[PDB]
Amino acid sequence: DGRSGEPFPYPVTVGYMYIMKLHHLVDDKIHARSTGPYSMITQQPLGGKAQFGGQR
Amino acid sequence: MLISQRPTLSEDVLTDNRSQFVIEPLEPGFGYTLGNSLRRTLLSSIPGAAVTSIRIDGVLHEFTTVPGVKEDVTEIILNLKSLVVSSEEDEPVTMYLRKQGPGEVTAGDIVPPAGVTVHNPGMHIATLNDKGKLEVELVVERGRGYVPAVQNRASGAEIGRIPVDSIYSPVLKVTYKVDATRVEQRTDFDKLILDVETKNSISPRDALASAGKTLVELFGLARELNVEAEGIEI
RNA sequence: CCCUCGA
DNA sequence: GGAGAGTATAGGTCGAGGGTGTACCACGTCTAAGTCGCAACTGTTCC
DNA sequence: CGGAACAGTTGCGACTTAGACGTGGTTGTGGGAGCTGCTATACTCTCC
């Protein structure tokens with residue numbers, strides 16, 4: 001155990017696995033808005049992160 | 001290399017024998033570097049006095065019941081292991097306990113030899129009827145931490161000598177937690193909480209100070225390899 | 001709206 | 001009167017990134033851009 | 001911290017224009033794509 005230094009009590013399965021970085025990434029996901037652009041039609045906020053929209 | 005923000009130590013006293021300490025803020029990750037070492041140091045590194053073996057007149061081969069005593073053998077052992085004692089002798093010292101007639105036998109009835117102190121005299125030990133008497137010998141020593149019974153077995157051990165588990169450690173229980181404190185933009189800083197409960201021999205304060213002393217020496221062994229070596233100073 | 005994809 | 005058939009309705013939520021123009025000529029009708037003058041209109045400059 | 005006198009600017013208002021732009025006429029043939037690979041249910045119409 002890296003934190004306590006104590007050995008873990010039982011043998012754990014370890015090895016090498018092939019892992020991929022998928023194209024879903026927080027940087028493209030995290031979005032937040034206080035106020036912003038509104039649709040001229042329905043006068044509701046826009047939607048999508050690209051348009052700085054609000055959540056439905 | 002750099003100089004961090006100086007962490008502070010604080011104490012909230014829960015009871016006379018119990019206290020909480022907080023060290024904060026710590027550079028992220030240092031809470032766990034201090035935590036388990038401080039807990040195990042508090043537990044195993046502080047010297048204290050404890051009962052090691054006992055002799056009970058009237059019990060030899062089978063240890064079950066003592067005639068004229070309500071408590072059985074192993075319950076007397078339990079009541080004795082809870083006895084709080086300090087010793088200056090650094091060598092094993094035998095104390096004696098004898099009481100007759102009806103009444104209650106407490107730790108206050110022990111006659112301490114010079115250089116030992118029973119801190120919990122009112123502790124109930126046994127209870128006797130009119131026909132029974134309790135004559136029991138105790139061998140008290142100094143040590144660190146908690147040694148089991150089998151390690152107290154003498155190779156030349158006397159007949160009727162009962163070895164017991166010894167609690168030398170003046171601190172009874174220690175737990176630790178690492179929370180997150182916020183320093184400017186960093187919310188992941190480390191805060192160390194130590195919940196420590198001791199006997200009435202020591203206060204939590206002096207226990208923490210002792211563990212800190214012996215730790216400073218211990219890692220001083222590494223510091224002394226090179227005194228020119230540069231490290232975090234804050 | 002549609003295409004394609006995430007839970 | 002009464003039965004089949006023909007027509008009507010419904011069918012999950014929230015997110016991310018993308019997304020378009022074959023085809024008559026030979027002309028008059030109008031317009032889409034102007035440069036250019038007086039009023040009308042802004043500004044200083046006083047006494 | 002007024003009321004004329006006097007001298008710089010937009011700015012509306014005409015008109016010529018040159019080209020986009022819509023109009024005349026319009027006379028041998030010559031009739032679209034796309035699809036239909038959804039299920040299940042209630043109920044009026046409509047053929048009988």
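What is reported rests on the model, the rules as stated and the sources as named; no laboratory instrument gave them. All Cβ positions, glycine included, derive from the backbone under ideal geometry; neighbour counts span all protein chains shown.
So here's what we get for this one:
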| quantity | calculated |
| --- | --- |
| Residue list for region B:146-160, filter: surrounded by 10 or more Cβ atoms within 10 Å (Cβ to Cβ) and part of a helix (DSSP H, G or I) | B:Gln151, B:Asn152 |
| Members of region A:14-31 found to be away from DNA strand D (no atom under 11 Å from the Cβ), within 16 Å of the chain's Cα centre (by Cα) and part of a loop (DSSP other than H, G, I, E, B), listed by number | A:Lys21, A:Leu22 |
| Pairs where the first residue, in region A:39-53, is free of Cβ contacts under 8 Å to residues at least 60 places away in the same chain and the second is of a type in the set (A, V, I, L, M) and more than 6 Å from DNA strand D (Cβ to nearest atom), C-beta under 8 Å, 6+ apart | A:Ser39/A:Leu46; A:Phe52/A:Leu46; A:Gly53/A:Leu46 |
| Residue in region B:25-43 that is under 17 Å from the mean Cα position of the chain (by Cα), surrounded by fewer than 19 Cβ atoms within 10 Å (Cβ to Cβ) and outside any helix (DSSP H, G or I) present | no |
| Criterion violated by B:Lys177 - all others in (1) assigned by CATH to the domain that holds B:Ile76; (2) exposed (fewer than 14 other Cβ atoms within 10 Å of the Cβ) satisfied | (1) |
| Hits in region B:183-230 (condition: more than 30 Å from B:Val85 (Cβ to Cβ), surrounded by fewer than 17 Cβ atoms within 10 Å (Cβ to Cβ) and in contact (Cβ under 8 Å) with a residue 12 or more places away in the chain) | B:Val183, B:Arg186, B:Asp188, B:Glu230 |
| Qualifying residue in region B:17-36 (condition: in contact (Cβ under 8 Å) with a residue 24 or more places away in the chain, in the same structural domain as B:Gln185 (by CATH), out of contact with any helix residue (DSSP H, G or I) (no Cβ under 7 Å at 6 or more places or on another chain) and closer than 19 Å to B:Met123 by Cα) | yes |
| Residues (more than 8 Å from DNA strand D (Cβ to nearest atom) and loosely packed, with under 10 Cβ neighbours inside 10 Å) located in region A:40-56 | A:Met40, A:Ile41, A:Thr42, A:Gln43 |
| Qualifying positions in region B:109-133 - without any contact (Cβ under 8 Å) to a residue 40 or more places away in the chain and under 17 Å from B:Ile54 (Cα atoms) | B:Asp109, B:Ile110, B:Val111, B:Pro112, B:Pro113, B:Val118 |
| Top-ranked residue in region A:14-39 [being surrounded by 10 or more Cβ atoms within 10 Å (Cβ to Cβ) and among the small types (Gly, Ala, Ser); ranked as nearest to the other protein chains (Cβ to nearest Cβ)] | A:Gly36 |
| Test: residue in region A:3-13 that is part of a loop (DSSP other than H, G, I, E, B), away from chain B (no Cβ under 14 Å) and charged (D, E, K, R) | no |
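Let's see how each residue does on (1) without any contact (Cβ under 8 Å) to a residue 12 or more places away in the chain; (2) surrounded by fewer than 16 Cβ atoms within 10 Å (Cβ to Cβ); (3) under 21 Å from the mean Cα position of the chain (by Cα); (4) assigned to a loop (DSSP other than H, G, I, E, B):
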| residue | (1), (2), (3), (4) |
| --- | --- |
| B:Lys99 | no, no, no, no |
| B:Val139 | no, no, yes, no |
| B:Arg142 | no, no, yes, no |
| B:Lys173 | no, yes, yes, no |
